[PDB]
Amino acid sequence: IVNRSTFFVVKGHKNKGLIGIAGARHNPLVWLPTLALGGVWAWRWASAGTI
Amino acid sequence: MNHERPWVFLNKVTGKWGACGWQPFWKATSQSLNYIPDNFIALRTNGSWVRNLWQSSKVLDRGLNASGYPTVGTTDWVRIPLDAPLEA
Amino acid sequence: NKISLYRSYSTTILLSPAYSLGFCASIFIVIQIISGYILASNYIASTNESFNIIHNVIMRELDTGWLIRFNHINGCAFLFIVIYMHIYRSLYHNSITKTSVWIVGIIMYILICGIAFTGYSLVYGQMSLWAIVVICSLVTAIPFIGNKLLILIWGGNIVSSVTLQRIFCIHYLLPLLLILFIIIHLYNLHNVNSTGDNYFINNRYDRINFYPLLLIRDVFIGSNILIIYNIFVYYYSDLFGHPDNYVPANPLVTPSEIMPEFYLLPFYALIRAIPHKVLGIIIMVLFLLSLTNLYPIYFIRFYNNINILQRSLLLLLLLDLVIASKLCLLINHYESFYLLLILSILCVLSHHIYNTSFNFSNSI
Amino acid sequence: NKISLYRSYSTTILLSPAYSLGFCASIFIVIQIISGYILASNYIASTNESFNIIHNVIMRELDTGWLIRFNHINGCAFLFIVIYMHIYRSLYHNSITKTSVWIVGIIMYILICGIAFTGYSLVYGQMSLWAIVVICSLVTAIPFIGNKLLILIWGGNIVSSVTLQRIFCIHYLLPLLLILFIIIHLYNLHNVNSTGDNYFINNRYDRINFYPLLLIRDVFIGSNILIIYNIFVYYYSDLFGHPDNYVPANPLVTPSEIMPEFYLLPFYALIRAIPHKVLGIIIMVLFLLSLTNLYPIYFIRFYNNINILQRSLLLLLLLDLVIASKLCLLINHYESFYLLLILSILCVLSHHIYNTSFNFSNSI
Amino acid sequence: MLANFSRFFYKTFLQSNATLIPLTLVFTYXXXXXXXXXXXXXXXXXXXXXXXXXXXXXXXXXXXXXXXXX
Amino acid sequence: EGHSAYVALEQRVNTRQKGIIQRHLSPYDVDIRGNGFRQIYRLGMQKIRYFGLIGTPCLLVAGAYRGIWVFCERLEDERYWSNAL
Amino acid sequence: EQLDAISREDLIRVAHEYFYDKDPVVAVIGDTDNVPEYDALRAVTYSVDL
Ligand code: HEM
Ligand code: HEM
Ligand code: HEM
Ligand code: HEM
């Protein structure tokens, strides 16, 4: 994808990440409903109506 | 798709038989001109099970001692495979 | 067991006197903490009493309240000077290899800039008010949620007493978080030890006990730098400041030139040299984020040595930063200095701290 | 490595719901910190406009400043309730054996008492002013420096805005030291683990992973405690307070009865039951010092088990403390209760926490 | 019935976080926030209606109208 | 100190040391003036040479900036003196 | 004959049916001081990303 051999290769230093498992991750488009609903739900103001 | 080859149910106490198998089916739509459907009931076969059923019909209707065949659950039915002609 | 006290930590023998700048910064942090705690015990944050309670109560009702205030001011200025020398030495000796120490240091630097700004805001003078106004005008350029954001920051359409009170709470709170970050800084350093003049891997026979030799050297250098510091406290008390902050704030009048403190001037330059406000905000955020070392994370990266070309370029970076500060102050009247201001800012933005080994590779 | 997270720390299976009191105390510490930081961002410390800005600006101009203030008050009350239950549990299960945990806990208790007092002082009402006056008068009894020290503490002959400003700064500062001491408390506990219902020496096959089971138990117990806590924030908002503190302070007028907060009453009792002021101060200091476990230092000591007799005497201690508080406040109108107050104080002062194996020995 | 329904429910909703998170948000909104909170609000507003602030304001306007035309 | 990253590094990289002899004199037997003037001279000369080396690019760029500064300053003086602002 | 008719998708379905988010049975003999307990093992049969 980069068209370069610009990464140092080390024995076993492969498929390292934070959240998921390499090669066992969903299509990133499956999280769009989650993000949309979360943004719409969270972004709301609330007032007690004290005069 | 890969399911079981067609078989023959046989009920012992009643002594009554009958072929059976898995029929795939899909929602009806336009067909294809350049395609004659393959063998779908007996996948990856030259369709000999029809010949085996025809040959074995006389054997089965005449009365077969199928005590050496597996049963189906707790019922009185046993399964006879149609891979090869049945003579017994 | 005094022996067990001596040998609890050992360092290299190549710690030249330039390696006491951390101790000097610690001294000035202590001075700021104590002076600020004494000042806060006599401080009221409001638009009707703040300026008065500094110049009429703190500096004239106590025996040496003036001395305490001058300590606070000049200690902030000297803390920034010493921190800049500390950073310059760290860049000179390729101390970015101490990854934990460097990241914690950058966090501390950003925190200290914030502390200094919020503290300068507490003297409700002309410069304080109008610096707040200008920085918040920078804030309101955020797309979509800028204006509302500004209101939440100010609690209103103008700077007022509630604004001063929240600024006071922030100014009080932050230095203690800075203390915790200093503790983490030192913990990481003691985990990885000090570079010295040159980097060597030493066994215990080549190292020396930290206590008491380096503590005594720290005392010596600290006394010298305290002499230099107190020369300013008693004889140049107002040299690191702008006289317009002795004029009580007038929201109806803007000063002729709004100029921040000398230690924030470079950032101010980054805003004057970028015409688009949104682009300036983005570039400031990228500048601060790029000072860190948080990327790459899971790609193999290691650090090589540093050379004479890199040291000369570091000196050039210092020159460019100083020129940018002076010019960004000078551009208000003379418009022909935009050329040199932009040139210096572009030169600053194109300085290499880490020599990318990825500079050299082959294509598929 | 999620698995490594599960096994990072393991404890005993005998953690009854009574072992969430520390978690509840931490919850109320968090609530106090947040609500206090919000209050302090709207607060001006001065006799002229302190009582006014609490009752007229914070409560009536903000949207829910009243709710913030009620949260803060009832959070202090419930923090003390939970800490008292926490101490009672630790005495019940013979947790004085966790020497470091116990000593840090006692230091934290003293700090929190100071925080509560200095906080109550900030509401410049009648009760606050006169509680300060009484305490500082108790300061005046020290030999050879009571008046010099009292003047230094108050900044004059009378409580004034400088005194309020000192108190405000101390109230702001102390809770952060308290957070540091809570961190040390938990660090020590993790070092020596928990007791549970009974004490056993368990190998790793008899211990359970702390996370997430005990975190979920903590969430459940904290939810129930927060229900109970909010039944007071919204329906009994001044049950723990005194109405005289809703009166702006007059230095010329003394209240009919000067009673501190319900969590300081035991200490007040010690003052009332000792006619001599110096002796009362000495007894207070000795009481606070004897709650700790700092002696013997180098003599060999170890802790044995606890029994039904000790637990029954612990119940008696609780009874005596409560009765002493009530009587200490009653004795202002009814002189005959002095007998019962003194009896309860005497019973309290002679309660055995640590059964000393030095009770039995021979003579040369 | 419960076995098949349980299998269907798990495999459809609870198996994947991509569905469980929106299900939890739906619960928060259409059950906790707009079903318990708003419910209690409406109930309180309805129980105490005769002495409501709005009722007092309306009666005041009416009485003022009456007093003015006299 | 034994559980520190630099100790771990020295254990991984360096061998088990052998055949090293160190001699130390107590400071009460060492004269503080012993090697003072020679070191002052040597270090002064070294720093002079090194700063002459690494300071040259900064000097050149500062000269160019000084030229630009003079030009702009006198341009703005001329602008102000002729009411051309 | 039945072994060359297996599909990779069928194999994936079989693997997902019986491994993902299922209760395992563990047997341990030896120094159980270092072998993780069941609860932790039950929490690693699924991933947050999925
Ligand atoms: C908890 C610690 C601190 C407290 C309580 C504190 C408190 C205060 C108070 C009350 C003022 C206003 C009084 C005055 O202006 O003279 C002030 C001003 C100031 N503080 Fe702090 N401060 C603390 C730490 C720091 C630190 C670490 C710095 C950064 C070096 C700092 C920088 C400043 C500056 C620059 C001013 C304004 C200078 C001026 O008056 O011109 N303070 N501080
Ligand atoms: C409050 C400000 C700061 C204080 C008090 C402080 C304190 C210290 C101290 C005591 C040391 C060890 C002694 C020394 O080597 O000088 C140190 C080392 C170091 N600091 Fe800081 N520091 C501060 C800011 C920074 C900043 C902003 C950075 C930049 C990232 C930084 C980076 C480093 C590095 C890299 C080292 C180790 C240098 C080496 O030995 O190679 N520090 N600091
Ligand atoms: C840094 C954290 C804290 C800050 C900034 C803070 C600040 C304040 C301020 C400004 C007040 C006066 C406003 C008012 O009286 O409503 C106050 C009152 C008070 N605070 Fe805090 N506080 C903090 C933490 C705590 C803690 C941990 C406690 C312990 C229980 C506490 C106990 C009290 C009490 C008892 C009062 C007076 C109660 C009353 O208003 O009647 N505060 N605090
Ligand atoms: C700010 C108030 C306090 C907080 C937040 C706090 C928090 C905690 C926590 C989280 C634990 C471990 C969990 C538990 O066993 O409940 C704990 C244990 C303990 N605390 Fe505290 N604590 C506080 C005050 C005290 C005080 C005043 C003492 C009295 C000395 C004390 C003595 C102990 C003891 C002895 C244990 C261990 C009990 C055992 O496992 O046997 N704590 N505390």
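Quick notes on the rules
- Residues numbered from 1 in each chain as written, not as in the entry; some residues may be left out.
- Chains lettered and ligands numbered in written order.
- Part of a larger assembly, values for the part shown.
- Heavy atoms only, no water.
- Residues with missing side-chain atoms left out of burial classes, pairs and counts.
- Helix = DSSP H or I, 4+ residues; strand = E, 2+ residues; numbered from the N terminus.
- Rg over C-alpha atoms; globule rule 2.2 N^0.38 Å.
- Contact = heavy atoms within 4.5 Å.
- Core = buried A, V, L, I, M, F, W, Y, C linked by side-chain atoms within 4.5 Å.
- Buried < 20%, exposed > 50% of the residue type's maximum accessible area, 1.4 Å probe, protein only.
- Donors = N, O, S within 2.8 Å, 3.2 Å for Na, K, Ca; no water.
- Tetrahedral: all angles 85-135°; square planar, octahedral: opposite > 155°, others 65-115°.
- Near = heavy atom within 4 Å.
- Polar contact = N/O pair within 3.5 Å; in protein donor to acceptor, adjacent residues only side chain to side chain.
- Nonpolar A, V, L, I, M, F, W, Y, C, P; charged D, E, K, R; others polar.
- Salt bridge = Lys/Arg side-chain N within 4 Å of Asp/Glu carboxyl O.
- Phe/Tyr/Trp six-rings, centres within 6.5 Å; stacked < 30°, edge-to-face > 60°.
- Buried area = accessible area lost by both parts, 1.4 Å probe.
- Pairing = 2+ DSSP bridges.
- Expected span 1.5 Å × (residues − 1).
- Axes fitted to C-alpha atoms, helices over the stretch in contact; angles between N-to-C directions.
- Parallel < 35°, antiparallel > 145°, perpendicular 65-115°, else oblique.
- Left-handed = near helix turned anticlockwise from the far one by under 90°.

- Per the deposited record, cryo-EM is how this structure was determined, to a resolution of 3.06 Å.

Let's talk about the overall build of chain E
Moving on, step 1. In terms of helices and strands, chain E carries three helices and zero strands.
Moving on, step 2. Overall, chain E shows an N-to-C arrangement of helices and strands of α-α-α.
Moving on, step 3. Taken over the C-alpha trace, chain E has a radius of gyration of 24 Å; the compact-globule value for 70 residues is 11 Å, which it surpasses by more than 25%.
Moving on, step 4. Reported as C-alpha extents along the three principal axes, the dimensions of chain E are approximately 75 × 25 × 15 Å.

Side note on the arrangement of the chains
Moving on, step 1. Of all nine pairs of chains sharing an interface, the pair with the highest contact count is chains C and F.
Moving on, step 2. In this structure chain A stays clear of chain F, and the shortest span between their C-alpha atoms is 18 Å.
Moving on, step 3. Across the gap from chain E to chain F, with no contact made, the nearest C-alpha atoms are 40 Å apart.

Topic: the nonpolar core
Nonpolar side chains tend toward joint burial in soluble globular proteins.
Moving on, step 1. Counting residues in each nonpolar core, the largest one holds 63 residues, and the members touching the most others are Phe28, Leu178 and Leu341 of chain C.
Moving on, step 2. The leading source of residues in this core is helix α4 (residues 65-92) of chain C, at 10 residues.
Moving on, step 3. In this view, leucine 341 of chain C contacts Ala269, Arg272, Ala273, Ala324, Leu327, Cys328 and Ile331 of chain C; residues no more than four positions away in its chain are not counted.
Moving on, step 4. The next biggest cluster of nonpolar side chains, apart from the first, holds 56 residues, and it includes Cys136 of chain C together with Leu150, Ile167 and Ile258 of chain D.

Structural notes on the coordination of the iron atom of ligand 3
Residues and elements named next belong to chain D.
Moving on, step 1. Listed as protein donors to the iron atom of ligand 3 are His72 (NE2) and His171 (NE2); their distances from the metal cover 2.1 to 2.7 Å.
Moving on, step 2. One can describe the site at the iron atom of ligand 3 as octahedral: its six donor atoms subtend angles covering 80 to 177° at the metal. With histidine 72 in helix α4 (residues 65-92) and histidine 171 in helix α8 (residues 161-192), the pair connects residues that are 99 residues apart, well separated along the chain.
Moving on, step 3. Residue classification places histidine 72 among the buried positions, given a relative accessible area of 19%.

What about the site of ligand 4?
Residue and element names in this part refer to chain D.
Moving on, step 1. Among the 22 residues in the neighbourhood of ligand 4, the closest are listed as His86, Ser95, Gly105, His185 and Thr195.
Moving on, step 2. In this structure, an oxygen atom belonging to ligand 4 sits 3.1 Å away from a side-chain N or O atom of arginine 89.
Moving on, step 3. Within the side chain of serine 95, one N or O atom sits 2.4 Å away from an oxygen atom of ligand 4.
Moving on, step 4. Considering every element that reaches the shell around ligand 4, the biggest residue donor is helix α5 (residues 99-122), with seven residues.
Moving on, step 5. Each residue belonging to the shell around ligand 4 can be placed in one class, and the counts come to 12 nonpolar, nine polar and one charged.

Section: the pattern of salt bridges
Moving on, step 1. One pass over the structure, following the stated rule, counts 12 salt bridges over all chains.
Moving on, step 2. One salt bridge in this structure joins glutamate 37 of chain G and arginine 7 of chain D, with 3.3 Å as the shortest N-O distance. Residue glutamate 37 of chain G is found in the loop between α1 (8-19) and α2 (38-42), and its partner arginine 7 of chain D is found in the loop between α1 (2-6) and β1 (10-11); the two belong to separate chains.
Moving on, step 3. A relative accessible area of 19% places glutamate 37 of chain G in the buried class.
Moving on, step 4. When its relative accessible area of 21% is taken as the criterion, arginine 7 of chain D is described as partly exposed.
Moving on, step 5. Of the charged contacts, one joins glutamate 76 of chain F and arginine 79 of chain F as a salt bridge, the two residues approaching to 3.1 Å between their closest N and O atoms.

Observations concerning the side chain of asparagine 293 of chain C
Residues and elements named next belong to chain C.
Moving on, step 1. Of note, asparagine 293 is situated in the loop between α11 (277-290) and α12 (308-330).
Moving on, step 2. Judged by relative accessible area, which is 15%, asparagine 293 ranks as buried.
Moving on, step 3. A distance of 3.5 Å separates a polar atom in the side chain of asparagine 293 from the backbone oxygen of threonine 99.

Some details on the coordination of the iron atom of ligand 4
Residues and elements named next belong to chain D.
Moving on, step 1. Only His86 (NE2) and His185 (NE2) from the protein reach the iron atom of ligand 4 as donors, at distances of 2.1 to 2.2 Å.
Moving on, step 2. Taken together, the six donor atoms coordinating the iron atom of ligand 4 span angles of 86 to 177° at the metal, a pattern that classifies the geometry as octahedral. Taken together, the residues span a long stretch of sequence, with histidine 86 in helix α4 and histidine 185 in helix α8 at a distance of 99 residues.

Observations concerning the packing of aromatic side chains
What characterises a pair of aromatic rings is the spacing of the ring centres plus the angle enclosed by the ring planes.
Residues and elements named next belong to chain C.
Moving on, step 1. Using the criterion set out here, one finds 55 aromatic pairs over all chains in the structure.
Moving on, step 2. Their ring planes at 55° and their centres at 6.4 Å tell us that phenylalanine 168 and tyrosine 172 sit as a pair that is tilted. Here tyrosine 172 and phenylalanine 168 lie together in helix α8 (residues 161-192), a separation of four residues that amounts to about one turn.
Moving on, step 3. When its relative accessible area of 11% is taken as the criterion, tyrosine 172 is described as buried.

Some points on the interface of chain A and chain C
Moving on, step 1. Listed by partner, the interface residues are 12 residues for chain A and 11 residues for chain C.
Moving on, step 2. Taken over both partners, the interface formed by chain A and chain C buries close to 1,100 Å², and the fraction arising from carbon and sulfur atoms is 67%.
Moving on, step 3. Considering only the surface of chain A that becomes buried against chain C, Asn3, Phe8 and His13 of chain A emerge as the three largest contributors, covering 40% of it.
Moving on, step 4. At the junction of chain A with chain C, the criterion picks out zero salt bridges.
Moving on, step 5. Between the two partners, chain A and chain C, sit three residue pairs in polar contact.
Moving on, step 6. In terms of residue class, the side of chain A that touches chain C is built from five nonpolar, five polar and two charged.

Re the pairing of strand β2 (residues 16-20) of chain B
Residue and element names in this part refer to chain B.
Moving on, step 1. With five bridges joining them, strand β1 (residues 7-11) and β2 adopt antiparallel strand pairing. Of the residues in β2, the one forming a bridge with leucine 10 is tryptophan 17.
Moving on, step 2. Here β1 hands over to β2 after four residues, with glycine 15 in that stretch at a positive phi of 65°.

Here we look at the interface of chain C and chain F
Moving on, step 1. Contact with chain C, which involves 36 residues of that partner, is made by 28 residues of chain F.
Moving on, step 2. When the two sides are added together, the surface that chain C and chain F hide from each other amounts to roughly 2,800 Å², 65% of it contributed by carbon and sulfur.
Moving on, step 3. When residues of chain C are sorted by the area they lose upon contact with chain F, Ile201, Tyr205 and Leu340 of chain C head the list and together hold 18% of the total.
Moving on, step 4. The interface formed by chain C and chain F holds three salt bridges in total.
Moving on, step 5. Notably, a salt bridge pairs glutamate 1 of chain F with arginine 207 of chain C, separated by 3.5 Å at the nearest N-O pair.
Moving on, step 6. Where chain C packs against chain F, one counts 10 residue pairs in polar contact.
Moving on, step 7. Among the elements of the structure, α8, α12 and α13 (338-349) of chain C are those that each provide at least two residues to the side of chain C that touches chain F.
Moving on, step 8. Tallying contributions element by element places α12 of chain C first for the side of chain C that touches chain F, with 11 residues.
Moving on, step 9. By residue class, the composition of the side of chain C that touches chain F is 18 nonpolar, 10 polar and eight charged.

Concerning the site of ligand 2
All names here are of chain C.
Moving on, step 1. Lining the immediate environment of ligand 2, one finds 22 residues, of which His86, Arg89, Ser95, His185 and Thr195 sit closest.
Moving on, step 2. With respect to ligand 2, the backbone of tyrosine 19 contributes an N or O atom lying 3.3 Å from an oxygen atom.
Moving on, step 3. Those elements that provide at least two residues to the shell around ligand 2 are α2 (21-40), α4, α5 (99-120) and α8.
Moving on, step 4. Here the shell around ligand 2 gets seven residues from one element, more than from any other, and that element is α5.

A look at helix α6 (residues 126-139) of chain D
Residues and elements named next belong to chain D.
Moving on, step 1. In this model α6 runs 20 Å from its N-terminal to its C-terminal C-alpha over 14 residues, within 8% of the 20 Å that 1.5 Å per residue would give.
Moving on, step 2. In terms of burial, α6 is a largely internal element, 10 of the 14 residues being buried.
Moving on, step 3. Along α6, the residues that are buried comprise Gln126, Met127, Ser128, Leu129, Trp130, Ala131, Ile132, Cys136, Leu138 and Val139.
Moving on, step 4. The elements touched by buried residues of α6 are α5, α7 (147-154), α8, α10 (265-272) and α11 (277-290).

Some remarks on the packing of helix α3 (residues 50-61) of chain C against α4 of chain C
Angle between the axes and distance between the axes: these two values describe a pair of packed helices.
All names here are of chain C.
Moving on, step 1. Their axes nearest at 6 Å, the elements α3 and α4 cross at an angle of 115°. The segment α3 lies against α4, with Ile54, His55, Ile58 and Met59 engaging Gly65, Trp66, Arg69 and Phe70.
Moving on, step 2. Its residues placed into classes, the contact of α3 with α4 shows five nonpolar, two polar and one charged.

What to know about the packing of α4 of chain C against α12 of chain C
Residues and elements named next belong to chain C.
Moving on, step 1. Relative to each other, α4 and α12 sit at 155°, their axes nearing to 10 Å. Between α4 and α12, the angle is such that the two are roughly antiparallel. Between α4 and α12 lies a crossing whose hand is right-handed. Here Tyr88, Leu91 and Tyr92 of α4 come into contact with α12, specifically with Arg311, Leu314, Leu315 and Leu318.
Moving on, step 2. Tallied by class, residues from the contact of α4 with α12 come to six nonpolar, no polar and one charged.

Side note on the sheet that holds strand β3 (residues 77-81) of chain B
By definition, the strands of a sheet pair up through backbone hydrogen bonds, in either a parallel or an antiparallel sense.
All names here are of chain B.
Moving on, step 1. Read across the sheet, three strands follow the order β2-β1-β3 without closing on themselves; strand pairing throughout is antiparallel. Both edges of this open sheet fall to β2 and β3, since each of them pairs with a single strand only. In this sheet, neighbouring strand axes are inclined to one another by 25° on average, regardless of whether the strands run parallel or antiparallel.
Moving on, step 2. In this structure, β1 lies alongside β3, joined through five bridges in antiparallel fashion. Directly across from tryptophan 7, in β3, lies its bridge partner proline 81.
Moving on, step 3. In the packing of helix α1 (residues 49-62) onto the sheet, contacts are made with β1 and β2, and the angle to β2 comes to roughly 160°.

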